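For reference, the structure discussed in these notes is given below.
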Amino acid sequence: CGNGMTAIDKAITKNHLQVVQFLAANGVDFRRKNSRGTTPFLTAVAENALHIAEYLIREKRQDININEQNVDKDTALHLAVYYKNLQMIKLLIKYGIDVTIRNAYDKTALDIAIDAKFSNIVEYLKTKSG
């Protein structure tokens, strides 16, 4: 639409599934990045769309790699924890998220967890996965 402000971002913000599924069937380029440099699924995670992200991860396993990263090289896990959500982070964990890929700004999760006041997510990380 211009200046990297694609309407799919606000469509995900509205949190409606029909148009999102129609666009996914049409073949939207997940490799293409917006002005912010974030992939459409990363944008959907940043918009806190549980059902849209769930559909994108379930029916597009082969379309988008679990190692695929944006320009700043971040996974959806940190962006999801940024909104303190729990159910969708458990869903992301049970999909086998990658934690062994590079990152740019180089801040870990344990150190920020000590002095950033989130408990349930980090305890869930330590409980089962490991």
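Letters for chains follow the order of the structure tokens (A, B, ...), residue numbers begin at 1 for each chain, and ligand numbers begin at 1 in the order shown.
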
DSSP helix (DSSP H, G or I) residues within chain A, as a ChimeraX atom specification: /A:7-14,17-26,40-46,50-59,76-81,87-94,110-114,120-127

Within 8 Å of segment 21-37 of chain A, counting only C-alpha atoms, which residues qualify if same-chain residues fewer than 3 places away don't, as a list in words? residues 3, 4, 5, 6, 17, 18, 40, 41, 64, 70, 71 and 72 of chain A

Using only C-alpha atoms, determine which residues lie at most 12 Å from residue 103 of chain A, disregarding the query and same-chain residues fewer than 5 positions distant; provide the list as number ranges by chain. A: 67-75, 78, 98, 108

Could you write out the selected residues, including N, CA and C atoms, as a PDB file, in the first residue's frame?
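Here's the written file selection_6.pdb:
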ATOM      1  N   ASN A  67      13.378 -21.422  11.873  1.00  0.00           N
ATOM      2  CA  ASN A  67      14.587 -20.628  12.048  1.00  0.00           C
ATOM      3  C   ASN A  67      14.521 -19.278  11.346  1.00  0.00           C
ATOM      4  N   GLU A  68      13.448 -18.997  10.610  1.00  0.00           N
ATOM      5  CA  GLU A  68      13.351 -17.737   9.883  1.00  0.00           C
ATOM      6  C   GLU A  68      13.299 -16.564  10.855  1.00  0.00           C
ATOM      7  N   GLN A  69      14.085 -15.530  10.563  1.00  0.00           N
ATOM      8  CA  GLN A  69      14.219 -14.376  11.437  1.00  0.00           C
ATOM      9  C   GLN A  69      14.108 -13.094  10.623  1.00  0.00           C
ATOM     10  N   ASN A  70      13.816 -12.002  11.324  1.00  0.00           N
ATOM     11  CA  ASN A  70      13.683 -10.692  10.706  1.00  0.00           C
ATOM     12  C   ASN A  70      15.060 -10.042  10.565  1.00  0.00           C
ATOM     13  N   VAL A  71      15.078  -8.746  10.240  1.00  0.00           N
ATOM     14  CA  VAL A  71      16.342  -8.035  10.072  1.00  0.00           C
ATOM     15  C   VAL A  71      17.111  -7.985  11.387  1.00  0.00           C
ATOM     16  N   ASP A  72      16.407  -7.783  12.502  1.00  0.00           N
ATOM     17  CA  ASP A  72      17.065  -7.741  13.800  1.00  0.00           C
ATOM     18  C   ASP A  72      17.316  -9.136  14.363  1.00  0.00           C
ATOM     19  N   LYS A  73      16.855 -10.181  13.672  1.00  0.00           N
ATOM     20  CA  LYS A  73      17.137 -11.574  14.022  1.00  0.00           C
ATOM     21  C   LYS A  73      16.595 -11.924  15.410  1.00  0.00           C
ATOM     22  N   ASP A  74      15.277 -11.800  15.548  1.00  0.00           N
ATOM     23  CA  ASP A  74      14.571 -12.188  16.759  1.00  0.00           C
ATOM     24  C   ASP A  74      13.534 -13.257  16.440  1.00  0.00           C
ATOM     25  N   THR A  75      13.291 -14.129  17.411  1.00  0.00           N
ATOM     26  CA  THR A  75      12.227 -15.116  17.330  1.00  0.00           C
ATOM     27  C   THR A  75      10.933 -14.531  17.888  1.00  0.00           C
ATOM     28  N   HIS A  78      10.263 -14.027  22.242  1.00  0.00           N
ATOM     29  CA  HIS A  78      10.501 -12.820  23.029  1.00  0.00           C
ATOM     30  C   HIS A  78       9.425 -11.770  22.776  1.00  0.00           C
ATOM     31  N   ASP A  98      13.129 -22.779  17.748  1.00  0.00           N
ATOM     32  CA  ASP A  98      14.584 -22.763  17.698  1.00  0.00           C
ATOM     33  C   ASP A  98      15.127 -21.767  18.716  1.00  0.00           C
ATOM     34  N   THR A 108      20.170 -11.671  26.746  1.00  0.00           N
ATOM     35  CA  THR A 108      19.659 -12.984  27.107  1.00  0.00           C
ATOM     36  C   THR A 108      18.296 -12.856  27.784  1.00  0.00           C
TER      37      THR A 108
END

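In terms of minimum interatomic distance to residue 121 of chain A, A:88 ranks closest within A:104, A:88, A:97, A:56, counting only C-alpha atoms.
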
Using only C-alpha atoms for the distances, tell me which of A:11, A:19, A:66, A:116 is nearest to residue 96 of chain A.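 Answer, going by the shortest atom-to-atom distance: A:66.
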
Go ahead and compute the interatomic distance for atom CA of residue 91 of chain A and atom CA of residue 129 of chain A, in Å to one decimal.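 Calculated distance between atom CA of residue 91 of chain A and atom CA of residue 129 of chain A is 12.8 Å.
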
Quick one: pull the distance between atom CA of residue 120 of chain A and atom CA of residue 38 of chain A, Å, one decimal. 27.0 Å

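The neighbours of residue 125 of chain A here are the residues that come within 12 Å of it, using only C-alpha atoms and leaving out any residue fewer than 5 positions away in the same chain; they are residues 77, 81, 86, 89, 90, 92, 93, 94, 97, 99, 109, 110, 113, 118, 119, 120 and 130 of chain A.
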
Residue with smallest distance to residue 54 of chain A - pool A:8, A:20, A:1, A:79, counting only C-alpha atoms: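 Closest candidate: A:20.
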
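In this model, the gap between atom CA of residue 83 of chain A and atom CA of residue 49 of chain A comes to 11.1 Å.
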
Using only C-alpha atoms, pick whichever of A:50, A:107, A:43, A:102 has the shortest atom-to-atom distance to residue 76 of chain A. A:43

Neighbours of residue 47 of chain A within 7 Å (only C-alpha atoms; same-chain residues fewer than 3 positions away dropped), as a ChimeraX atom specification? /A:12-13,43-44
